[PDB]
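Working notes, structure below.
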Amino acid sequence: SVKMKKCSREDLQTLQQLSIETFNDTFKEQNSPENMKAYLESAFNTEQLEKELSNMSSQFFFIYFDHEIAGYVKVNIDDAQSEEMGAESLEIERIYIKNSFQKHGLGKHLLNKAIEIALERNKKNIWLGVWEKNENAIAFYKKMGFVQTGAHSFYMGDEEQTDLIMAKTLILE
């Protein structure tokens, strides 16, 4: 069966390994091994993730299928967001499903959980940033109701790439 669990301090090691594997398998083709090694060490080292897990405005959730870890999602609100969007929004900063577990509705589960958290936190809108080249993720988000509201350049390695800003308005009552 499918189940999700909020990550705690004891999930640090598991979160770190899952983060590295899924991220590597997502940007591995368009980046040098040297740049990937450096980023993986600066983004997923024990101390960095420990800080993020302890951030009051951040929340991580694991998703499981048959008791096996299949992926995770990281959401931010207020000052924890990677962009200063305000106190009325929630960001899906990271969302990853292990390759072998993709195409089974698990990504949808994680995203809807992010939506549920946003609704519960009374946030007016939910948003995310996604590399323009990630066609699979863009198509998934559009199916989930997200729309591109903007786009800006960002540096990947030593070259600029395009980040698409996608969002959806929630409850306004």
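As shown in the structure tokens, the chain order sets the letters A, B, ...; within each chain, residues go from 1, and ligands are also counted from 1 in the order they appear.
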Which residues of region 79-145 of chain A sit at most 7 Å from region 161-171 of chain A, using only C-alpha atoms? Give each one's shortest atom pair and distance in Å (one decimal place), in chain and ascending residue order, as CSV.
```
residue,atom,partner,partner_atom,distance
A:124,CA,A:170,CA,5.3
A:125,CA,A:169,CA,4.3
A:126,CA,A:168,CA,5.5
A:127,CA,A:167,CA,4.1
A:128,CA,A:166,CA,5.6
A:129,CA,A:165,CA,4.8
A:130,CA,A:164,CA,5.2
A:131,CA,A:163,CA,4.6
A:132,CA,A:162,CA,5.5
A:145,CA,A:168,CA,6.8
```
Dump as an mmCIF file, in the first residue's frame, selection limited to C-alpha atoms:
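Saved as again.cif:
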```
data_model
loop_
_atom_site.group_PDB
_atom_site.id
_atom_site.type_symbol
_atom_site.label_atom_id
_atom_site.label_comp_id
_atom_site.auth_asym_id
_atom_site.auth_seq_id
_atom_site.Cartn_x
_atom_site.Cartn_y
_atom_site.Cartn_z
ATOM 1 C CA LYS A 124 -3.239 31.641 -0.928
ATOM 2 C CA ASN A 125 -1.032 29.987 -3.525
ATOM 3 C CA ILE A 126 1.493 27.244 -4.157
ATOM 4 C CA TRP A 127 4.477 27.525 -6.495
ATOM 5 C CA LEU A 128 7.724 25.945 -7.629
ATOM 6 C CA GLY A 129 10.709 26.500 -9.851
ATOM 7 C CA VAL A 130 11.531 23.981 -12.597
ATOM 8 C CA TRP A 131 14.369 23.777 -15.126
ATOM 9 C CA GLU A 132 12.915 24.465 -18.579
ATOM 10 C CA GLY A 145 -3.060 22.232 -12.429
#
```
| request: Enumerate, as a PyMOL selection string, the complete set of residues in region 87-165 of chain A that a backbone-based DSSP assignment places in alpha helix (DSSP H). | output: chain A and resi 106-120+135-143
| field | Distance criterion (only C-alpha atoms): nearest to residue 34 (chain A) out of A:73, A:100, A:157, A:90 | value |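 Selected residue with least distance to residue 34 (chain A): A:157.
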Per residue of region 54-153 of chain A within 10 Å of region 10-19 of chain A, which atom pair is closest and at what distance in Å (one decimal), using only C-alpha atoms, listed by chain and increasing number, as CSV?
```
residue,atom,partner,partner_atom,distance
A:60,CA,A:15,CA,8.8
A:61,CA,A:15,CA,9.4
A:62,CA,A:15,CA,8.3
A:69,CA,A:18,CA,8.5
A:70,CA,A:18,CA,8.8
A:71,CA,A:18,CA,7.2
A:72,CA,A:18,CA,8.0
A:73,CA,A:19,CA,9.9
A:94,CA,A:19,CA,9.2
A:95,CA,A:19,CA,9.7
A:96,CA,A:19,CA,8.2
A:97,CA,A:18,CA,9.3
A:98,CA,A:18,CA,8.3
```
| field | Straight-line distance linking CA of residue 41 (chain A) with CA of residue 28 (chain A), stated in Å to one decimal | value |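 Pair CA of residue 41 (chain A) / CA of residue 28 (chain A) returns 14.5 Å.
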| strand (DSSP E) call set, DSSP backbone run, chain A, as a ChimeraX atom specification | /A:2-6,58-65,68-77,89-97,125-131,147-156,159-169
Print the selection's residues with C-alpha atoms to a file, as a PDB file, in the first residue's frame.
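part32.pdb written:
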```
ATOM      1  CA  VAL A   2       0.971   3.682  -0.257  1.00  0.00           C
ATOM      2  CA  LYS A   3       1.933   5.627   2.867  1.00  0.00           C
ATOM      3  CA  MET A   4       3.642   8.916   3.655  1.00  0.00           C
ATOM      4  CA  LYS A   5       5.551   9.952   6.768  1.00  0.00           C
ATOM      5  CA  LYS A   6       6.901  13.291   7.983  1.00  0.00           C
ATOM      6  CA  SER A  58      10.389  23.594   6.175  1.00  0.00           C
ATOM      7  CA  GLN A  59       8.913  20.125   6.107  1.00  0.00           C
ATOM      8  CA  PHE A  60      10.054  16.876   4.479  1.00  0.00           C
ATOM      9  CA  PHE A  61       7.860  13.848   3.755  1.00  0.00           C
ATOM     10  CA  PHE A  62       8.832  10.357   2.596  1.00  0.00           C
ATOM     11  CA  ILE A  63       6.487   8.335   0.406  1.00  0.00           C
ATOM     12  CA  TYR A  64       6.511   4.532   0.585  1.00  0.00           C
ATOM     13  CA  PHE A  65       5.161   1.711  -1.552  1.00  0.00           C
ATOM     14  CA  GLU A  68       9.847   0.578   0.544  1.00  0.00           C
ATOM     15  CA  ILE A  69      11.049   4.188   0.264  1.00  0.00           C
ATOM     16  CA  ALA A  70       9.967   5.523  -3.130  1.00  0.00           C
ATOM     17  CA  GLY A  71      10.675   9.249  -2.944  1.00  0.00           C
ATOM     18  CA  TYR A  72      10.240  12.476  -1.023  1.00  0.00           C
ATOM     19  CA  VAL A  73       9.010  16.048  -1.097  1.00  0.00           C
ATOM     20  CA  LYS A  74      10.297  19.163   0.675  1.00  0.00           C
ATOM     21  CA  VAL A  75       8.009  22.146   1.204  1.00  0.00           C
ATOM     22  CA  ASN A  76       8.802  25.674   2.468  1.00  0.00           C
ATOM     23  CA  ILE A  77       6.685  28.514   3.787  1.00  0.00           C
ATOM     24  CA  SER A  89       2.434  31.040  -0.295  1.00  0.00           C
ATOM     25  CA  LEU A  90       3.979  27.583  -0.026  1.00  0.00           C
ATOM     26  CA  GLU A  91       6.844  26.308  -2.159  1.00  0.00           C
ATOM     27  CA  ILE A  92       7.445  22.754  -3.365  1.00  0.00           C
ATOM     28  CA  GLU A  93      11.238  23.064  -3.375  1.00  0.00           C
ATOM     29  CA  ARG A  94      12.014  19.398  -4.001  1.00  0.00           C
ATOM     30  CA  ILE A  95       9.914  16.489  -5.238  1.00  0.00           C
ATOM     31  CA  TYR A  96      11.488  13.226  -6.322  1.00  0.00           C
ATOM     32  CA  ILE A  97      10.373   9.691  -7.059  1.00  0.00           C
ATOM     33  CA  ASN A 125      -1.032  29.987  -3.525  1.00  0.00           C
ATOM     34  CA  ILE A 126       1.493  27.244  -4.157  1.00  0.00           C
ATOM     35  CA  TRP A 127       4.477  27.525  -6.495  1.00  0.00           C
ATOM     36  CA  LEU A 128       7.724  25.945  -7.629  1.00  0.00           C
ATOM     37  CA  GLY A 129      10.709  26.500  -9.851  1.00  0.00           C
ATOM     38  CA  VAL A 130      11.531  23.981 -12.597  1.00  0.00           C
ATOM     39  CA  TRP A 131      14.369  23.777 -15.126  1.00  0.00           C
ATOM     40  CA  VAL A 147       0.680  27.130 -14.842  1.00  0.00           C
ATOM     41  CA  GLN A 148       3.786  29.053 -15.868  1.00  0.00           C
ATOM     42  CA  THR A 149       3.633  32.592 -14.478  1.00  0.00           C
ATOM     43  CA  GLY A 150       7.232  33.527 -15.181  1.00  0.00           C
ATOM     44  CA  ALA A 151      10.726  32.479 -16.200  1.00  0.00           C
ATOM     45  CA  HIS A 152      14.189  33.722 -15.292  1.00  0.00           C
ATOM     46  CA  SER A 153      17.759  32.693 -16.013  1.00  0.00           C
ATOM     47  CA  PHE A 154      19.962  30.909 -13.465  1.00  0.00           C
ATOM     48  CA  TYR A 155      23.503  29.511 -13.498  1.00  0.00           C
ATOM     49  CA  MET A 156      23.922  25.737 -13.759  1.00  0.00           C
ATOM     50  CA  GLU A 159      26.409  28.200 -17.988  1.00  0.00           C
ATOM     51  CA  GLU A 160      23.014  29.894 -17.768  1.00  0.00           C
ATOM     52  CA  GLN A 161      19.780  27.925 -17.960  1.00  0.00           C
ATOM     53  CA  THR A 162      16.111  28.861 -17.672  1.00  0.00           C
ATOM     54  CA  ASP A 163      14.007  28.308 -14.560  1.00  0.00           C
ATOM     55  CA  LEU A 164      10.233  28.319 -15.091  1.00  0.00           C
ATOM     56  CA  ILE A 165       8.069  29.657 -12.267  1.00  0.00           C
ATOM     57  CA  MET A 166       4.847  27.660 -12.078  1.00  0.00           C
ATOM     58  CA  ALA A 167       1.993  28.236  -9.676  1.00  0.00           C
ATOM     59  CA  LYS A 168      -1.616  27.699  -8.726  1.00  0.00           C
ATOM     60  CA  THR A 169      -4.011  29.784  -6.675  1.00  0.00           C
TER      61      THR A 169
END
```
| message | Counting only C-alpha atoms, which residue out of A:48, A:1, A:32, A:8 sits closest to residue 104 (chain A)? | response |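 Of all the options, A:1 lies closest to residue 104 (chain A).
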| query | Counting only C-alpha atoms, which of A:88, A:140, A:158, A:120 gets nearest to residue 106 (chain A)? | reply | A:140
| message | For a test of reading the model, state the distance in Å between CA of residue 54 (chain A) and CA of residue 9 (chain A), rounded to one decimal. | response | 7.6 Å
